[PDB]
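Take a look at this single chain in structure tokens; it is the form deposited in one PDB entry.
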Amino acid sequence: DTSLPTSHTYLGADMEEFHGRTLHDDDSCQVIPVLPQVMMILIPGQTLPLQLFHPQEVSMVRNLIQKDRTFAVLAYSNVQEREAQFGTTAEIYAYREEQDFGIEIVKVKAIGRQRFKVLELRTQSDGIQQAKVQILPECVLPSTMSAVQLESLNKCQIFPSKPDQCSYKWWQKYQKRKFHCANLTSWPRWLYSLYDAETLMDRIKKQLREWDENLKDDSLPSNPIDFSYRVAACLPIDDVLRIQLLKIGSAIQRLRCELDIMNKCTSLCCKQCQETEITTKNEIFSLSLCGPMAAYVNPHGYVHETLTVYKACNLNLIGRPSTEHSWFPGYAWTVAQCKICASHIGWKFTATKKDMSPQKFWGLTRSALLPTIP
């Protein structure tokens, strides 16, 4: 079942949810609070689970819930110095309170909504930080052939519908019909296909299906912007690449960059070692509907972006299979360390009953992985 991870059942039972989605006007200037403990780079449309214990941030969340349910997640370029040029607004869409261990705890789940630029960063006297936010817009470009088009051929630009057989031939027909007027320019049709939204989404869909057997077409957004953000949220890439993707404002350019990453970045090595290969892009399998990767929260509230892989090497096992707070139900986890540098890489999930498939796999933290081009 690929839908279980997205529900974050590990947090608890049904959580109070808010359907009041809110979006600020493009280019608008806002003032947004920043949660001090969050050190993750959030892509729009990406889910972020959180566990708050500190009284200050608990109070901040409580106040936010009553006003806009929105807070800023900063893409820290200099984490130690807390210098961030860009960030993402995150809207709280689920919230619950708990009194475990005789201590107040707040369990939350937010979703990234809009990228933005950082203008000012003011630290409040109560330990909370506020940011002057410039809501970035979505650079939307017209079809490449819109400018160079023939009035007679303006009709027949709407294809009947989308039914290799009946697909590759359909795509050949689509290229021939959509970029016919490419004969009026100095470039071929197949070159304009490399900048076409639909073709790029189709190629990315082929790759994702290669990563997921049960990936139905409807599961992905039909909008190029949302599709590009969804793809970016599930790529095993480092932080620098994630920031670079966030900077790109054009859906076409984002899709092209994502395709480049997926076609070139095939190895995943230890971040600290920089050379100890840990796995390859072929071993990635999607056990979550959101993608091969998903964010989870451990008991102490730390956020781990786990990527699931069939096989992993150069890993030493610490502890013994324990099912406590296991992110994937029915699987007992055991700590995995880099065989060379001993740095924690993830957890090996082993089956508890022999009827489960797969019988074993690994979940590697994204922050501990470096994508490498062989």
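Start at 1 with the first residue shown and count on from there.
Omission of residue 226 is seen in none of the other entries compared for this protein where the adjacent residues are built, far below a third. Residue 238, modelled here, also has coordinates in every other compared entry of this protein that models residues flanking it, well short of the third needed to call it frequently missing. Deposited sequence between residue 102 and residue 103: no residues lack coordinates (chain continuous).
The protein also exists as the form deposited in another entry; that form is not presented, and the subsequent description refers to it.
Hinge residue among 180, 121, 243, 264 for the rigid-body motion between this form and the one not shown: 264. Between residue 46 and residue 274, the Cα spacing is smaller in the other form than in the shown form, differing by no less than 3 Å. Note: the CA-CA distance for residue 241 and residue 367 expands in the other form relative to this form, by 3 angstroms or more.
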